[PDB]
Structures are given as C-alpha cells and as structure tokens.
C-alpha cells in the first residue's frame, strides 16, 4: 500500500510510510518508480489569476512526454492510469513557473490494487 503526494507550497511529500516501497521521492518534486506495476498518477495544477500573468503542463516519464495539458488558465487535474516499470522517473514540466499558484498545487502517485471484479 503505497501513495505519495507532493505539496508545491512546502515542497514536501506526504507519504504512507517513511520509505514507501514502491517509489523514491526527491525534494524537487520528482519521483522514481521502484516497483513495476499499475499506477494512478494524479494532481491538480492551479494557475494564478490571469490579472497577474499559454498555461501548459506536461508529465514526463524519463526523457519522453507522457502527457501534455493546456487550458486557458483554469484548474488542471492531471494524470490517469499508467503501466510503469521499476526504473522510470516521473516528473512535471511547466510552460512558466510564474503561472503556477503554489498554494493548493500538488501531484503524486498511488500503486493500484488489482481490480478483478466486475459490476
């Protein structure tokens, strides 16, 4: 049972244990997958109000883009269900760091349980 959540406001990860078995976390908000499996990558990137300012966020897996999101400076949930392999680095890239409200912005992963049963 393995879940981590990075809070951009404090730059700290909140975690299910001191040394989650499924992932290593970095203070720069990156992570490295230790256990191959099905993961839910998740998070909300909250933009600042436009009066202060394209709003773009990418999720990377190693050196390749896993997901690209864009909108007109509105709340942006990120992620989805992915098959990840031990060794994979997962991290976010922003178009402009200044677009991002740190308060309330967060992201993370959870190793998923199997879902064998149907409706």
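Numbering follows the first chain given and starts at 1.
Asker: Going by the record, give me the number of deposited-sequence residues missing between residue 81 and residue 82 as none, 1 to 3, 4 to 9, or 10 or more.
Answerer: Gap between residue 81 and residue 82: none, chain continuous.
Asker: Averaging CA B factors per stretch from the PDB record, which one is higher: 57-65 or 72-80?
Answerer: The stretch with the larger average C-alpha B-factor is 57-65.
Asker: Which is higher in the entry, the mean Cα B factor of 40-48 or that of 90-98?
Answerer: Mean B over CA atoms: larger for 90-98.
Asker: Can you work out whether the C-alpha temperature factor of residue 24 puts it in the lowest, middle or highest third of the chain?
Answerer: For residue 24, the deposited C-alpha B-factor lands in the highest third.
Asker: Check where residue 4 lands among this chain's C-alpha B-factors and tell me if it's the lowest, middle or highest third.
Answerer: Lowest third, going by the recorded CA B-factors of the chain.
Asker: Lowest, middle or highest third: where is residue 17 by Cα B-factor in its chain?
Answerer: For residue 17, the deposited C-alpha B-factor lands in the middle third.
Asker: Relative to the other modelled residues of the same chain, rank the CA B-factor of residue 103 and answer lowest, middle or highest third.
Answerer: Answer is highest: the recorded C-alpha B-factor places it there.
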